[PDB]
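**Q** This is the structure I have questions about; it appears just below.
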Amino acid sequence: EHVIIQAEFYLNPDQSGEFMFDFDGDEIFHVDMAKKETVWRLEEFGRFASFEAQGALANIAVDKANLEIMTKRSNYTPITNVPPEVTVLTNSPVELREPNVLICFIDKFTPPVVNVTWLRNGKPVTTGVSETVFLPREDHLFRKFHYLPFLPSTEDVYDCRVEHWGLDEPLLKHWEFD
Amino acid sequence: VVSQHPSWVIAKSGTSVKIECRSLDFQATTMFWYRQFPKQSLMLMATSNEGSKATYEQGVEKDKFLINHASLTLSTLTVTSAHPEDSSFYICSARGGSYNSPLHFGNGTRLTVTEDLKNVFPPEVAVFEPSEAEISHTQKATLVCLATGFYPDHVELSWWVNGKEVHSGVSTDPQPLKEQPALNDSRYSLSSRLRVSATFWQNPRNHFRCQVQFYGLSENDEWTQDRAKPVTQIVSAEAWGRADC
Amino acid sequence: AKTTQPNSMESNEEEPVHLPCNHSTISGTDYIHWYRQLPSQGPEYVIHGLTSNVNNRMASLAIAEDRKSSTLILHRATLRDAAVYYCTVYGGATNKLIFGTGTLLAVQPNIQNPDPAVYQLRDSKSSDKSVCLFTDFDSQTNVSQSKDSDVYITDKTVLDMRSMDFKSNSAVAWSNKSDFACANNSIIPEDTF
Amino acid sequence: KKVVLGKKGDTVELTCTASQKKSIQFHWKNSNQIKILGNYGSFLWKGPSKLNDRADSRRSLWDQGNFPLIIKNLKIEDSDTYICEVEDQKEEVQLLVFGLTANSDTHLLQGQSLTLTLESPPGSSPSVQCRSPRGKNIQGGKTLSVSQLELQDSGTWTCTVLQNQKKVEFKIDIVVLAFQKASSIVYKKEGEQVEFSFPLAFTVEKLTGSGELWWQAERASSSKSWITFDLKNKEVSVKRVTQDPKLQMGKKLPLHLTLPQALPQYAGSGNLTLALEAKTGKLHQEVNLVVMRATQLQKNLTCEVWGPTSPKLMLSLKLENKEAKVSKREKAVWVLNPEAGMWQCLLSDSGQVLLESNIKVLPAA
Amino acid sequence: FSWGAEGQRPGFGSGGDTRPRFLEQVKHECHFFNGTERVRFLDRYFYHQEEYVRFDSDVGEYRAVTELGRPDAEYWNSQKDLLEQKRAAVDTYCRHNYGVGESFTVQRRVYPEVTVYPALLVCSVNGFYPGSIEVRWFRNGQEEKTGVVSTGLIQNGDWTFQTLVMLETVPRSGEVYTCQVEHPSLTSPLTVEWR
């Protein structure tokens, strides 16, 4: 009837790693790497908790060293690729000349590396877009969200583009105000 | 367990001082570098998470200290641009993981860095045999050892009775003392006492040997002066048991 | 600033010594660790606990009901306990071990036989005419001095003969000087020679 | 029309495809007119259908005209005739599910029956079949059983249900427990010690059963001789055995029945029985012991044999001297004049040799 | 204040665009059955997908989820201390964190903005937390239970949720439909109509 998960992972050769708390599927916070600071997925949690920073990294570097070992346990058995499953949808119901947000749903994939594009008609334009880090699933596959503030023109056609090594060639899932 | 090498060391007014730290057994995911100034406290300089950007706690000299932490074991804290004001007690620690993983320390490396080798001298060691004054009074015999005229203060004074060392009756002074509680670069002195049964010193058979281990230097130090060549050595004075006058 | 302690504190040998530690308030999940340091050497572990109470060899540990305060207990204090005892916090909210200001404990040796004196030692190497030595005196005494500036003295330090079970405070005063002689030193106990 | 079969608890995916390849409108229907899964735009909707969340589909496969309907962890009742409606198409399909269970999971023992029960859905007419571990193939029916398991038949079986010309896989492990023995025969002298042990199917377990050996003899019928033990987690730990031949266990199996000496009466057979916490306890083997006596008093050399000794064999006495003075099929060796020297007392048959012993003869004074 | 976390340790040995990838995954879980009452902590570990070694708060020690994780199991359970930490998990880790967020996650509540529209009626519920909610269609004070359907619960990753509940029906001239929402953000059963 509730879950608090702190999920973390190290990825080679990319050498990128993540640290986060999934509470009931929605993120709480994820310690950024370069920045090396606490980052909440929502700010309202801003002054309550106040998590440690380099603290994350200690784990991470561990998970690396665990990975180094666990690799030589399998005789260097690589990752079995997985394709994502993409659907694009509107936050609220889409009205005419009313503010809104596109949400790009990338799901059930792994490893956690993706290239997402927000483009209209094929115009690669990004105005204050948003991307959440990788959310862990039940199957320990991955989830993720790109947002897209926008206005409902009967003219435009907005499109979502996700590149992954699972699909032998880039995916384009479209949407148009109907 | 973890070892810190080298344990002692000294270099010029500036130089590369390469201080290693090695975890002989366990994998070390994390490294903590502490430095301690004389009678102060343990200060946290840096944090090295394996194969990462080393996080220096605020209030540090930045690129002055560089951590090479290599795989799981070899960890190199190297300090270039040496300064006299930086001479201190440098202590390293290893961790078997993240939060709440026991923090495993090491020896620690005591280091003095001066502006030249002209201040480096080995100890001049002489003994002092007791007085039958003490004998006649306490029925005990207390020797004394004085090793003076050296630098840096790094030394270890041990005793040998009959050619074999002793941990009882021996009380050394805690901290070698300055001969010049003024001069910036001074020379030091150390006095250790060994007390035995009055008669134990009265039998001439007993072999009493006082020793001082001085870690000065090595060959790689460029030596101009015609005088003695102040490198790591063992200087000693002595005497046998004394008869009764 | 993690936790506060009294700078320095004194005890007596064989005597139970209780070491106070106040930390502010500490978070829900953090252990309290007590590390100590031999005079010059790395620090070393002592004992720790979440809450309630804990004890093992080398010491015991007293944690207050509200986890606001903690007390390190030393049942029977030996000479080797003389050291600095740090009180720190390590756990879920603190990844780093942050070393406190410290409590220095000096434990005072009980001398069996308060029969003090000053003996001038004969030289072996025949090098310095120096040595006058001061030993076997009550522990209520502290040494002295300087101030001659050509004359050297050391802090009173304890020796222990295990064979005979005997502890005595012995300081030492030496110099190279014309005038320098025994008693002329800065302060002492009555009995001499 | 078409039909697909799947094992209860498995996951079956029945395809539906529209000629035109594009993401388009569609929904699925259970036999009587009920919407199950459906799409509205890029959204997915699960319907009033009793399947609730148990049903899903692959959204990535929606681009081109593939629109599958899957099911996780089936049940018998899931069996039905499914519709699929896309771009005005009735494409049909039917799901028949089955299941196979043993009567008991615990490892069975030698000679005990095993009843395999098939679970059919309403409106089915299937049959069965089984490929044993040894290749042996027994044909079943609505329900099939193989009685009296052979240790040879112990292993992974394979069961085949057949419907509408489409196979369905069932594998069940068995590995029957048992004794390697079931005949144990030991021939010894009058002073010689006799002991035996017994083999098994060898797994760990714990707290497993009990056991005991019930004696028979020649001399003094109405054979009783409890000789009982209790085995638990490899601990043998005697159960109060008999005092007649005053013997010991050697607890911690392998189980070695110890005897001080083999006497004349201790000759006989009897059988050993094992039981275990996993019930149906008929596991047992047996034992066979026969004894010979060479004692020669005065002129009489009399030498005789006890025990079962199937009475087709030959008891003789030779000495390497004149051949078999007296040789016949029987338990008694008689020779009057004891020719000096150590003879050879023959026991065995056209078989190799069994239980040979000898003694000497000194002429007179 | 002060949100806390957990930690891991090494295995046996050491270590050292089409490139073949490798992935390590560590999930410190937790499970809360109605609050601070019986609590099940989980410390998992993975390789790619596959889970290898595990720690169940209810098993009190590290088990193995495959012969692939066999060694690490024996290795960690050989370390006295660590096991005494993970054993205390539920109390040091779970209860704690939960205690911090008992406010802004557990008890966090937000109104379900609700709409409606033909495309067959549609009922669009939006921006509500948690996602435990009931939406039932009504034709004239009667409840229409059949021919309905749901997009089910949807997730936006911003802590808002959303759902589309369709109702397939044929109306006539002067009846009235209704779409009713009860979410434990509401004292009253928020409703909406169509004619």
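Don't overthink the numbers, they just go from 1 along the chain as shown.
Note: Cβ is positioned from N, Cα and C throughout, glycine not excepted.
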**Q** What does Swiss-Prot give as the disulfide partner of D:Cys130, choosing from D:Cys84, D:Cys159?
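**A** In Swiss-Prot, D:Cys130 forms its disulfide bond with D:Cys159.
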**Q** Which one, D:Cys84, D:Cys303, is listed by Swiss-Prot as the other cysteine in the disulfide with D:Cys16?
**A** D:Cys84
**Q** Give me the CA-CA distance between D:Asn300 (N-linked glycosylation site) and D:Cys159 (disulfide bond), in Å, as a whole number.
**A** 70
**Q** Any same-chain residues 6+ apart from D:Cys84 (disulfide bond) with CB under 8 Å of its CB? Would you list them in sequence order, or say none?
**A** D:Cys16, D:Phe26, D:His27, D:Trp28, D:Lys29, D:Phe67, D:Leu69, D:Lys90, D:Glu91, D:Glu92, D:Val93
**Q** Which one is it, among the recorded positions D:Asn271, D:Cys303, D:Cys345, that lies nearest to D:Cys130 (disulfide bond) by Cα separation?
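**A** If we rank D:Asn271, D:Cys303, D:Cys345 by Cα distance to D:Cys130 (disulfide bond), first place goes to D:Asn271.
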**Q** According to DSSP, does D:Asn271 (N-linked glycosylation site) fall in a helix, a strand, or coil?
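**A** Strand, per DSSP.
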**Q** If you measure D:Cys345 (disulfide bond) to D:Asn271 (N-linked glycosylation site) at Cα, how many Å is it?
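**A** Spelling it out, the Cα of D:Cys345 (disulfide bond) and the Cα of D:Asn271 (N-linked glycosylation site) are 29 Å apart.
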**Q** In the domain 'Ig-like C2-type 3' (D:293-349), how many residues does DSSP assign to helix, to strand and to coil?
**A** 0 helix, 16 strand, 41 coil
**Q** Below 8 Å Cβ to Cβ and six or more residues apart, same chain only. Which residues does that give for D:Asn271 (N-linked glycosylation site)?
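**A** Result: D:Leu213, D:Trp214, D:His284, D:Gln285, D:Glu286, D:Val287.
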**Q** By the DSSP assignment reduced to helix, strand and coil, which category contains D:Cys16 (disulfide bond)?
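**A** Note: D:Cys16 (disulfide bond) is coil by DSSP, not helix or strand.
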**Q** Using DSSP, how many residues in the domain 'Ig-like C2-type 1' (D:101-178) fall into helix, strand and coil?
**A** 3 helix, 31 strand, 44 coil
**Q** Over all shown protein chains, what is the count of other CB atoms within 10 A of the CB belonging to D:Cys16 (disulfide bond)?
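**A** So the number of other Cβ atoms within 10 Å of D:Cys16 (disulfide bond) is 21.
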**Q** How many Å lie between the Cα of D:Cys159 (disulfide bond) and the Cα of D:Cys303 (disulfide bond)?
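**A** It is 61 Å, counting Cα to Cα.
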